[PDB]
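The C-terminal residue of the sequence shown carries number 487 in PDB author numbering, and the numbering is unbroken.
For every residue, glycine included, the Cβ atom is placed at its ideal position computed from N, Cα and C.
A short worksheet on the structure shown next.
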Amino acid sequence: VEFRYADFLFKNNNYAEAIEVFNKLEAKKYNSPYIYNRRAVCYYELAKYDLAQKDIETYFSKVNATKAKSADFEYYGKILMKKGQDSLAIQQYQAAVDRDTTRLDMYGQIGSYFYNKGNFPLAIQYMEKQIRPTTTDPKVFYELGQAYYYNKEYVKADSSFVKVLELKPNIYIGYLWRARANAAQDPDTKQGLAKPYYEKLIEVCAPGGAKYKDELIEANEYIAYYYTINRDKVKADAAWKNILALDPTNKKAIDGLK
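Below, the structure is given as structure tokens:
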């Protein structure tokens, strides 16, 4: 029953508390491996990674191979990644999707890893392993688009961002990236490809004001330059103004006005 209590707290997130009971449970030799994979996660959420590594390993030296779950391998990898053992963590992420083939998000985990390390082709390859003609997780398309973008495949980053929008209409983050993806295709701003997206970004963002400070400033900056190029002092100054209204000390907008 006691173990069932700890699982109660844990299923409820009381890591430090669940930890207290698991610790006595072990001290009184409870013959069960399932206190270890749970304590491991508790420690992991409390960022005690050395403690969580020892626990997930004690777990695997005691659990019955046919009982182990996809989740256990997942946390083994999350714990290893935190301890700097990247190759081992990557294998554990792979193992987890091998155990539960619906955990396509593991490939997303492996891709993000290489994305943060600059191997966009590898990151993209694995991020695409999640794509099915059913896929609905926006993030999948958001992170994939970013991989494409930094891999300089702006056209594909755009389509992938169009997908984020399709799934979550008017989401600012989608307009921001469509904007960026299009600005990349129009380096010298000869066509204003990004213009409409940044305009929509301000559309859905102006309202939360300071909450979208960085996005609004970026959007207005593009516009202000677009209009300076097109010799429209009137509009360009207005954009330069929207920025100061958000940041009175902004040096770019100050100098663009004097």
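- Put simply, the backbone Cα of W469 is about 33 Å away from that of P367.
- The continuous alpha helix (DSSP H) containing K481 extends over residues 480-486.
- In the DSSP annotation of this structure, the continuous segment of the alpha helix (DSSP H) that includes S389 starts and ends at 383-396.
- Just measuring C-alpha positions, the residue of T418, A423, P416 sitting nearest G403 is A423.
- A distance below 7 Å separates the beta carbons of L405 and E444.
- In the assembly as shown, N242 is an exposed residue. Its beta-carbon has fewer than 16 other beta-carbons within 10 Å.
- Put simply, the stretch 377-397 touches the stretch 343-356. At least three CB pairs are less than 8 Å apart.
- The continuous stretches of alpha helix (DSSP H) do not include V292, and DSSP gives it neither H nor E.
- In the three-state reduction of the DSSP assignment, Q375 falls in the helix class, which pools H, G and I.
- Within the same chain, Cβ atoms closer than 7 Å to the Cβ of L475 are found at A439, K442, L445, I446, the five residues on either side in sequence being excluded.
- For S341, the enclosing alpha helix (DSSP H) stretches over residues 334-345.
- For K307, the enclosing alpha helix (DSSP H) covers residues 299-311.
- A325 sits close to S299, with the two beta carbons spaced by under 7 Å.
- Here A482 is near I472, since their CB atoms are less than 7 Å apart.
- For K429, the enclosing alpha helix (DSSP H) has its first and last residue at 424-434.
- Shown here for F302: same chain residues with a beta carbon closer than 7 Å to its own, the five before and five after excluded, namely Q321, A324, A325, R328 in chain order.
- Comparing alpha-carbon positions, the option among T478, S388, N266, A448 lying closest to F239 turns out to be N266.
- Cβ-Cβ separation between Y455 and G485: approximately 12 Å, too far for a contact (criterion under 8 Å).
- In the structure shown, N243 falls within a coil segment according to DSSP collapsed to helix, strand and coil.
- For secondary structure counted as the alpha helix (DSSP H) over 4 or more consecutive residues, the stretch 438-482 holds these complete runs in sequence order: 442-458, 462-475.
- By the CB criterion at 7 Å, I285 and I308 fall inside the cutoff.
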